[PDB]
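Data block below; observations after.
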Amino acid sequence: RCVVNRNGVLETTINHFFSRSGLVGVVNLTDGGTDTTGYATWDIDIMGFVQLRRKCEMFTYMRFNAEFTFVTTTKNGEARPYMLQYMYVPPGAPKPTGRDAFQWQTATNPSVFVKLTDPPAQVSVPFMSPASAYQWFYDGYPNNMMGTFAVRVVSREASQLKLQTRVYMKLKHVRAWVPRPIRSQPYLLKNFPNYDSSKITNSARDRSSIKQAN
Amino acid sequence: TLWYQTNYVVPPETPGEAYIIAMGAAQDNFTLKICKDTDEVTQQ
Amino acid sequence: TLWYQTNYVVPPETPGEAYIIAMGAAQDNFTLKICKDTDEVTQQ
Amino acid sequence: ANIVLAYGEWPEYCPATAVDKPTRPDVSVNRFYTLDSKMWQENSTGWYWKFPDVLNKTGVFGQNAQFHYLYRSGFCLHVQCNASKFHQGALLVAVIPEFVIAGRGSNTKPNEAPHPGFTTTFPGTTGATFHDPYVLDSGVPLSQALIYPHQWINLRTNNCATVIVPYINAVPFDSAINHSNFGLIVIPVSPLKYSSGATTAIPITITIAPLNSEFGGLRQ
Amino acid sequence: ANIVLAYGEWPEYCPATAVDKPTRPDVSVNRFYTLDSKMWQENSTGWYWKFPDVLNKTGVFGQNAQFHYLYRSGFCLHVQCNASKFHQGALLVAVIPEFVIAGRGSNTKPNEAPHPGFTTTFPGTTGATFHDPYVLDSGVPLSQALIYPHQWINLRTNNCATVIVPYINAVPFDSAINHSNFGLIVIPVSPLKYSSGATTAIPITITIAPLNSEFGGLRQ
């Protein structure tokens, strides 16, 4: 066709640019026998996947609330009605060390008790930074930002299933400051913007001549 | 297109080789619709 | 003191050797007291 | 002269809940600290400076910034590049908040990958040259580095640039030694050219004025 | 900038007794048609252009001037000649109404004497060079060619000239193909000089604005 009309001005705001329920982490649970693993923790970092990391390294400062949705499946896929405990560990509180340790019975670690046959779990985490905004680019010399996230199967004895949880993160109420360019070189590490000195990828694919329209 | 109207005239003691930087941006008329993920990233 | 901040850059067909003339004078605050003869003169 | 104001805001004082009032010198720190001239040549790559540790060894500002604990100030940058009328080229001058120098390597292991040293992250009063100016030594292309406050120093139009930059940080007070706030970058996008017999190198001079400085927590 | 108005009159519309009203585009013909640059050198002689057949092959004006029958327009000429500050020389730019190119020869018989060809009388969009610039290729000396609307392009004072010329004809409408109305002449009165190592040729750029155009008698 030929789009002569003007488009919409609501899909370009920062709040719309970030607010959408996206997949952010995948946690594997085993709940074994001899090898007493039992639990499976997952530190909160939005830089996990390379799809939101490229969108959040576009800005220097950000400020947002988060909504976490927990979708737990089994190995084959069937959902038997077992009780599950999700636990949010605030920044500074110690991580749980065992399946039946005393960090699970601690009252100041907010837990969610939900079954496999239930709708998936959904919690909201507020702005929990000591500064006024988050910042991924810290130029200088000085651990943890948002909190740890554990999960176990509530039972007296030990179950014989292995689970597989998906932590879907949605952002809300996001504000940004000091935009910066979009990174073209591929990633090498998780917490560092290291590129490769050899094999610098050009940000524009090649053509034959400068006097053409390829 | 960018054409060579007259010629690059130059006095002595001056290099006859220069460059042109081309820049580009949008306007107040520029508007976007239907958000979607990019494909510059290859890894996942 | 007089230091070399950046560098003496120069285009072609131009000497890269110049000079600085330094001058100096007093102000309205400058005042003198107790007159006396000078000693630039050697003979009498 | 054209003055570019960084993000449209002027550097102003702090309106914090500290009973110990932060001091204000106003006399011996609001003077034009002039750095040494950089010798820009044909095969040059660029230069970058980290500001709150550029002037930590120089005079009253360095003494009052090393022996204090809390720091907040804006800056007035002024860059001359005086060349003849027969030289040609172009410079891009731009400030970048939280300019993190990346490491160059091809290693994915955590404590095996290379990292920049202390003389690369914090150059000091003599600056440091880029290794790959196409990616700003950060994996980010310089073609879209015009999103920052910036000017062009074109050797056929002018010879000067000036940038009034306020205090950009998430916390209104910060240590002036353990955290470089923002960096200055000059890059020869168009190289230097000259006929034979001219001056083979152009000097670049930078002067800095610490506008609206505030210090706190005096200690030994 | 100094604007020379040809004979003190501005180009205006026709106040004719034709019931078919002549059309006025006003949109796609009042744009800056930029010709190619001419490479002026030391041994150059000059250039001349015939205007109502310079722009008969170029775009909307050429299409609306070839497929019509009656034509009337003024012109805004603008000539840049950008050289360095080390070159020297002078150009004379002047418009001449009814500039008839003469033939060069020594024959007095009617159908034996030489006559200029079609590519000499009507050069087109690429112009033509003089053979004898001292007599304007018309037997008329150029020393007194200052009787025409003219400017000097002196390479130590300016680099531009502009001439707003109205419609000069005995009949208010004329065919734009079979009659060239007036010509533009640039002549290097003082030759070009430069030291070794400079650019050996200076470009000359011409832009034309067809002010107040009128077309009549549209046909295939």
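Just so you know, all these numbers are worked out from the coordinates, no wet-lab data involved. Heads up, the Cβs are rebuilt from the backbone with ideal geometry, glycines too, and the neighbour counts pull from every protein chain shown.
Tabulated data
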| quantity | calculated |
| --- | --- |
| Cα-centre dipole for chain D with unit charges at Cβ (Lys and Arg positive, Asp and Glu negative), debye to 20 | 380 debye |
| For C:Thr38, label point 7 Å along C-beta direction: distances to other copies, nm | 7.7 |
| Proximal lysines to D:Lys85, defined as alpha-carbon separation beneath 20 angstrom and excluding residues fewer than eight positions away on the same chain | D:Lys38, D:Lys193, E:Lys85, E:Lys193 |
| For D:206-213, mean number of other protein chain Cβ atoms within 10 Å | 0 |
| Qualifying trypsin sites (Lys or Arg not before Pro) in the range A:35-112, DSSP loop, other Cβ atoms within 10 Å at most 13 | A:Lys75 |
| Computed [θ] at 222 nm, deg cm²/dmol, chain D (DSSP H ≥ 4; -39,500 (n - 2.57); rounded to nearest 500) | -1000 deg cm²/dmol |
| Per-q log10 I(q)/I(0), the protein assembly as shown, q = 0.05, 0.07, 0.08, 0.12 Å⁻¹ (Debye; single scatterer per alpha-carbon; no solvent) | -0.47, -0.79, -0.92, -1.35 |
| Positive-end extreme of charge dipole, chain E - chosen from E:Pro210, E:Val171, E:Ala198 (charges on Cβ) | E:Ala198 |
| Formal net charge of residues neighbouring A:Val167 (Cβ-Cβ distance under 13 Å; K, R +1; D, E -1) | -1 |
| Residues E:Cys160, B:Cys35 arranged by fewest to most Cβ contacts within 10 Å | B:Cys35, E:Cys160 |
| E from D by rotation - nearest chain D beta carbon to the axis, in Å | D:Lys85, 4 |
| Euclidean distance of C-alpha centroids, the range A:81-101 and the range D:1-72, integer Å | 47 Å |
| Exam field: D:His115 pseudo-label spacings to other copies (7 Å along Cα-Cβ), nanometres | 9.2 |
| Net charge over other residues, Cβ less than 12 angstrom from the Cβ of E:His131 (K, R count +1; D, E count -1) | -1 |
| Computed over the range D:149-189, the ratio Rg/Rh where both radii use C-alpha atoms and Rh is Kirkwood | 1.10 |
| Neighbour-count ranking [beta-carbon atoms within 10 angstrom, fewest first] of E:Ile153, E:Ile206 | E:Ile153, E:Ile206 |
| Cβ charges +1 (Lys, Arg) and -1 (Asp, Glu), total dipole of the protein assembly as shown, debye | 1960 debye |
| Summed residue charge, Cβ within 12 Å of E:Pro25's Cβ, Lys/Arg positive, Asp/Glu negative | 0 |
| Antiparallel bridges, percent of DSSP beta bridges restricted to the protein assembly as shown (to nearest 5) | 95 percent |
| Separation of alpha-carbon centers, the range D:102-164 and the range E:135-167, rounded to whole Å | 54 Å |
| Ranked list, fewest to most other Cβ atoms within 10 Å of each Cβ, for D:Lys21, D:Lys193, C:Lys36, D:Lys85 | C:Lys36, D:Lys21, D:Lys85, D:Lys193 |
| Shortest-first nm distances, B:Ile21 label point to equivalent points in other copies (7 Å, Cα→Cβ) | 3.9 |
| Alpha-carbon centroid distance for the pair the range C:1-23 / the range A:181-214, whole angstrom | 42 Å |
